[PDB]
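Engineer: An experimental structure, sequence included, is below.
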Amino acid sequence: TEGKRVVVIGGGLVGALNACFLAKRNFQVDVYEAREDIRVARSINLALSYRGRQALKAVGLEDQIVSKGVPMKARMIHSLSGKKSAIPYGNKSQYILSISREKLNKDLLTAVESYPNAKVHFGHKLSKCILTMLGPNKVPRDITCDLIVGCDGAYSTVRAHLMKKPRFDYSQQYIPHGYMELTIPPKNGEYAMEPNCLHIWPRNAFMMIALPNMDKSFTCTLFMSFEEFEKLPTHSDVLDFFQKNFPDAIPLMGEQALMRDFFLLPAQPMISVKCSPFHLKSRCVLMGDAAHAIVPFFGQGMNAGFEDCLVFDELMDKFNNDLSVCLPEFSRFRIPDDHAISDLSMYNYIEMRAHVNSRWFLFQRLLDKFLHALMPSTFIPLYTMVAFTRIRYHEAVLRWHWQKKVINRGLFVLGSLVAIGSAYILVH
Amino acid sequence: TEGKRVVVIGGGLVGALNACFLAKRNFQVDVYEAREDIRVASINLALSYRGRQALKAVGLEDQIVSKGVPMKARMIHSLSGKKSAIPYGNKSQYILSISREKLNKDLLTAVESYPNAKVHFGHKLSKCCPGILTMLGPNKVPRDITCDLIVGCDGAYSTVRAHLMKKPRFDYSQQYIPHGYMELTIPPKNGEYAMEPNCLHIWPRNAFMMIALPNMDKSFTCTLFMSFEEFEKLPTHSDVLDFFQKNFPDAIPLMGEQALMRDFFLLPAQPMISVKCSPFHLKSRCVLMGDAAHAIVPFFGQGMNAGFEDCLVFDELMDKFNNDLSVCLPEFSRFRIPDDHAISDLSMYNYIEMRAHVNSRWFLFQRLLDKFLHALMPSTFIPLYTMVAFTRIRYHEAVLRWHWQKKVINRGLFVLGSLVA
Ligand SMILES: Cc1cc2nc3c(=O)[nH]c(=O)nc-3n(C[C@H](O)[C@H](O)[C@H](O)COP(=O)(O)OP(=O)(O)OC[C@H]3O[C@@H](n4cnc5c(N)ncnc54)[C@H](O)[C@@H]3O)c2cc1C
Ligand SMILES: Cc1cc2nc3c(=O)[nH]c(=O)nc-3n(C[C@H](O)[C@H](O)[C@H](O)COP(=O)(O)OP(=O)(O)OC[C@H]3O[C@@H](n4cnc5c(N)ncnc54)[C@H](O)[C@@H]3O)c2cc1C
Ligand SMILES: COc1ccc2c(c1)CN(c1nc(C(=O)N(C)c3cc(Cl)c(F)cc3C(=O)O)c(Cl)s1)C2
Ligand SMILES: COc1ccc2c(c1)CN(c1nc(C(=O)N(C)c3cc(Cl)c(F)cc3C(=O)O)c(Cl)s1)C2
Ligand SMILES: [Cl-]
Ligand SMILES: [Cl-]
């Protein structure tokens, strides 16, 4: 019905979105957010794709977010040699777009407040032992409800309770790599690079990507194993490194501001958490990074959490607001998918260490483009499937494996027919 | 050295043993056991080389080995009623059935045999720090206590570990497997053992499995593994009987025809939990051992044995490096984690293998095949189970050698097979 009450832990990206979706069903939705309100007081800007956008669309916020974003119509690949090679995101109608973390969060907290049947209680934490604190600490004044939604991010308190509950599978892995942000400013008030591209500098042990902001700049994030981060404790090491591996960056970024920004704070650890199931007896449910913290190697963390919100809302339609049905159906329907994108993201991260240089990224993608054009749509590349559709993640993995099977089997018969065809036309 | 104090959290198998090892180098060791003294207030399990070697190091091999029953072979009960004995490797090589409780008691007694050791029954732990908060005999008596070392030996659902889990660069995972387990008893028959008393008795089915281990009174304790789903479908005696008649037919006459009913409905199927974590320590002040650090699924007879080995390998290090905990704690994690992960893995592999590829017959063929090739080459083929059960070859090295063999044979017999035919 309308006048059941729900509390959302976390006023983050997913927390705020879910609040809107719920408010939009006339729930009494109270949001509790640890930090102080960001509109007065981890990444900087993220890649927003179809799944996130479809979820934004259901609350009528797609347009507002889309407008403050910069499109990325292509990948732009910065070879070691220096060669700049571009490859499009799918067809001409399909483009991911770069948006800012903060702008995204802010418009969302304001969208929460636009529903009079929704409030957002800033400066309220959830303590380690189910009490929500007020402004002044040790003011234990929690208050009960028909639903508690954990959107408290990757280091979720709500999940920490659920972990002690029974038949709850859970896993948390810090990967060897860490990430650090570095800005490319405008060169004479204009973007220093082609601004409707995702920029990549793919090496083997290291990786840099850069995404465009509106103020004509880019924010780059740098992935390398904490190992190498150890080996560059001095400014000469950093410079030496950038000169060796990232030749064209130094002019683009500030050659001396590079050094202020690198040593500003330490390479950030990336965490992977899986768990199952996502719910508990129609009283509690996890969502987004609280349910699934993935390594950031597919541009899907926020998108998938946004999609969680949506898939819930679809089930609330499909089962007339029965929480006792929706909560188990969410776990059943969605866990397979959220696990799959987790795996994909991890795999990508592994691939990224073994073999991507300037050259293989191009071959691998242009091969995929070759085969889509060859046999559309019986081959849709993976990156298209995740980025520009709502095909379920695990189905996308399936299709992706099957396809890979028929490319390998297909290539084999042609290799063999070459291999007998050459011999026959060599003997006679 | 004698100046330093250590707290062992848990007075179970690993706690009690570790407390001995530690007491035996004059630490002030205090064991804190949340249960009451079991000597005044897996019923039984499979002891082997690794555990025995640890026990030996502390002068308790003999005592424990006396109250155990040698198991010189596996004995496989096929659905037909056929009974095939597969030996353990060699005549010297045999595993032995012992009681969890006797084992625990003798060790609690050994702990107290040291004047510099104490065990504190009815004391639980709340919270700790690298200064800890233990609960008195009376609940809500949270006195603080301090030490130079805190040893998590508090089992699979470990409090100490729950603290380490919050720290940075700490990988952890728990997974409840889908089967639970239940103990049943095969009593004595006319005062004698109802089956060959020096075997590990197996009844392998696919969804199910039962094993049985001989006690000293002339009985066996069975542990039955089946999926919680299946357990759900047997609420009434008639159903249990009808099930048993299908799947384990020679059991209804072996077991108390209605002892089965007493024991089966005594309490519910127990869950099995795999937990893995890394690393096993927190900077020279806190270490995990046994199931605090590695709760493996009970399908290789090795959980107690590995955790016993932990205590020994810690000791080996404390010897190597003159009792420096700053060195021994990192070296513990560095040396032991790969091994303890390997045995966990082996176990789960086994647990899955049992769910498809073993009915009655493959167990016989796999083992006899294996034994042909060891006999053929006594130092290049040592079978897996021999390496774990009867040696201290490191677990991960045993997995290495095991895969290696598997390949040189797959290779060498795809060669004989494909080339000459
Ligand atoms: C380097 C990097 C790059 C990324 N790039 C992309 C990308 O290109 N595209 C994409 O889709 N995703 C990306 N992501 C993923 C994205 O950051 C997350 O998926 C997204 O933030 C999830 O939203 P959330 O609300 O679940 O978590 P969060 O955004 O972390 O929100 C959690 C909120 O809960 C609050 N909170 C926490 N604990 C408590 C408590 N106890 N009580 C009350 N409140 C609490 C926090 O203060 C915070 O406000 C990236 C992540 C990283 C790290
Ligand atoms: C069905 C089954 C079969 C098995 N078969 C075999 C086998 O054949 N061979 C083999 O080697 N191993 C076997 N095992 C494994 C064996 O049971 C365990 O390895 C062993 O008990 C681990 O010892 P531990 O002391 O670490 O754990 P435990 O024996 O669980 O000891 C933990 C102790 O700490 C106490 N404690 C817990 N929390 C606290 C707290 N907060 N404060 C104070 N005290 C606390 C508990 O009361 C308990 O007494 C089997 C296990 C099962 C379930
Ligand atoms: C800090 O903000 C961040 C951090 C990481 C990412 C993003 C924003 C956005 N990124 C996206 N990745 C894909 C993708 O499908 N894959 C396989 C790729 C993966 C990597 Cl790592 C890459 F460099 C390019 C592609 C590619 O194909 O463009 C998208 Cl689609 S968007 C990753
Ligand atoms: C409740 O008490 C329990 C529970 C499980 C076990 C035991 C006692 C003792 N068990 C031992 N397993 C091995 C072993 O090496 N393997 C791989 C085997 C694994 C299984 Cl499941 C099996 F049935 C036989 C063998 C076998 O070969 O004997 C030993 Cl060696 S001892 C498992
Ligand atoms: Cl992400
Ligand atoms: Cl075990």
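Structural biologist: In hand now; what should we look at? Numbering: from 1, shown residues only, chains lettered A, B, ... in the order given. Ligands and ions are numbered 1, 2, ... in the order given.
Engineer: residues in chain A within reach of ligand 5, list them.
Structural biologist: Within reach of ligand 5 by C-beta under 5 Å from the ion, chain A has these residues: A:296, A:301. The way it works is simple: take the backbone N, C-alpha and C, and place the C-beta from them, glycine included.
Engineer: Could you rerun that using 6 Å?
Structural biologist: A:294, A:296, A:300-301 (C-beta under 6 Å from the ion).
Engineer: Residue of the stretch 201-350 of chain A closest to ligand 4, please.
Structural biologist: Ligand 4 sits closest to residue A:276 of the stretch 201-350 of chain A, with a gap of 25.8 Å, by C-beta to the nearest ligand atom.
Engineer: cool, and chain A?
Structural biologist: residue A:167 (21.3 Å).
Engineer: Just give the number of residues close to that residue.
Structural biologist: 11 (other C-beta atoms under 10 Å in any protein chain shown).
Engineer: Grab the nearest non-local neighbour of it.
Structural biologist: Among residues not flanking residue A:167 along the chain, residue B:176 sits closest, at 5.1 Å (C-beta to C-beta, 6 or more residues apart in numbering or on different chains).
Engineer: check contacts around that neighbour.
Structural biologist: A:166-169, B:271-274 (C-beta atoms under 8 Å, 6 or more residues apart in numbering or on different chains).
Engineer: Out of those, the closest to ligand 6 would be?
Structural biologist: residue B:272 (9.5 Å; C-beta to the ion).
Engineer: Report the inter-axis angle for the host helix or strand of that closest one versus strand A:169-184.
Structural biologist: Of the helices and strands defined by DSSP states H and E, residue B:272 is found in strand B:270-278. In terms of direction (axes from the mean of the first three to the mean of the last three C-alpha atoms, to 10 degrees), strand B:270-278 departs from strand A:169-184 by 30 degrees.
Engineer: Tell me which residues are up against strand B:270-278.
Structural biologist: Contacts for strand B:270-278 (C-beta under 8 Å, 6+ apart): A:166-167, B:156-157, B:161, B:164-165, B:170-177, B:179-182, B:228, B:288, B:291, B:293-298, B:333, B:337, B:341, B:344, B:348.
Engineer: In helices only, show me those.
Structural biologist: Counted as lying in helices by DSSP state H, out of the contacts of strand B:270-278, are B:161, B:164, B:228, B:333, B:337, B:341, B:344, B:348.
Engineer: Pretty sure the last one sits against residue B:294.
Structural biologist: No - counting by C-beta atoms under 8 Å, residue B:348 stays clear of residue B:294, with 11.6 Å between them.
Engineer: Report the beta-bridge partner residues of residue A:274.
Structural biologist: residue A:171 (DSSP bridges).
Engineer: returning to that earlier point: can you list the residues of chain A next to ligand 5 in CSV and add distance to ligand 1?
Structural biologist: Shown next, in CSV, are the residues of chain A next to ligand 5 (distance: C-beta to the nearest ligand atom, whole Å):
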residue, distance to ligand 1
A:294, 7
A:296, 4
A:300, 5
A:301, 3
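Engineer: If we check ligand 3, which of these are in contact?
Structural biologist: On the criterion C-beta under 6 Å from any ligand atom, residue A:296 are the entries of the residues of chain A next to ligand 5 that sit beside ligand 3.
Engineer: what two of the residues of chain A next to ligand 5 have the greatest distance between them?
Structural biologist: A:296 and A:300 (8.7 Å; C-beta to C-beta).
Engineer: Outline the domain layout of chain A.
Structural biologist: A:1-359, A:360-428 (curated CATH domains).
Engineer: got those domains as CSV, with distance to ligand 6 columns?
Structural biologist: Shown next, in CSV, are the domains of chain A (distance: least, C-beta to the ion, whole Å):
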stretch, distance to ligand 6
domain A:1-359, 20
domain A:360-428, 33
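Engineer: Ligand 4 contacts on chain A?
Structural biologist: Counting by C-beta under 6 Å from any ligand atom, no residue of chain A is near ligand 4.
Engineer: residue of chain A with the smallest distance to ligand 5?
Structural biologist: For chain A, C-beta to the ion, closest residue to ligand 5: residue A:301, 2.8 Å.
Engineer: Single out the residue in the stretch 251-400 of chain A that lies closest to ligand 2.
Structural biologist: For the stretch 251-400 of chain A, C-beta to the nearest ligand atom, closest residue to ligand 2: residue A:276, 22.5 Å.
Engineer: Please disregard the earlier target; I meant chain A.
Structural biologist: residue A:164 (13.1 Å).
Engineer: Return the nearest residue of chain A with respect to ligand 1.
Structural biologist: Closest point on chain A to ligand 1, by C-beta to the nearest ligand atom, is residue A:12, at 2.1 Å.
Engineer: about what we covered before: looking at the residues of chain A next to ligand 5, which one is closest to ligand 3?
Structural biologist: Taking the residues of chain A next to ligand 5 together and measuring to ligand 3 by C-beta to the nearest ligand atom, the closest member is residue A:296, at 4.6 Å.
Engineer: Look through chain A and state the residue closest to ligand 3.
Structural biologist: For chain A, C-beta to the nearest ligand atom, closest residue to ligand 3: residue A:299, 2.8 Å.
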